[PDB]
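Asks: Starting off with a structure, shown below.
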Amino acid sequence: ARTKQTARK
Amino acid sequence: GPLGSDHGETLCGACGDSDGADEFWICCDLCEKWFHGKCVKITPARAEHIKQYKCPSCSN
Ligand SMILES: [Zn+2]
Ligand SMILES: [Zn+2]
């Protein structure tokens, strides 16, 4: 599926 | 909480909030809305087994 994980700070 | 917004933002189709740090998101292949994994109750592990995600609204 089309997914993503955002970065940390 | 910050006032205003980022014009280049993506809003969750469920809760309507912006994207934050270290969040898992998934996109519906039919309406192309994005969702917090936490909001549609899908983990990265589960989403790995999903070929084409179809959001609750589109699944009706
Ligand atoms: Zn959809
Ligand atoms: Zn959300």
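These protein sequences, in sequence, are chains A and B.
Under this note's numbering, think of the first position of the first sequence as 1, with each following residue one higher.
Under this note's numbering, think of the first position of the second sequence as 10, with each following residue one higher.
Ideal Cβ placement from N, Cα and C applies to all residues, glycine included.
#1: For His58 of chain B, count neighbouring Cβ atoms within 10 angstroms of its own Cβ and tell me buried if that reaches 16, exposed if not.
#2: At a cut-off of 6 Å, would you count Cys67 of chain B as near ligand 1, judging by its Cβ distance to the nearest heavy atom?
#3: How far does the beta strand (DSSP E) with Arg2 of chain A in it extend, from its first residue to its last?
#4: Taking only heavy atoms of ligand 2 into account, decide whether any of them is closer than 6 Å to the Cβ of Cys21 of chain B.
#5: Under the assumption that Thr6 of chain A contacts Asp28 of chain B (Cβ atoms under 8 Å), give the Cβ distance between them as a whole number of angstroms.
Replies: The answer reads as follows:
#1: Residue burial annotation: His58 of chain B is exposed, with fewer than 16 other C-beta atoms found within 10 angstroms of its C-beta.
#2: yes
#3: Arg2 to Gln5
#4: Correct: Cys21 of chain B has its Cβ closer than 6 Å to ligand 2.
#5: Sure, about 6 Å apart at Cβ, within 8 Å.
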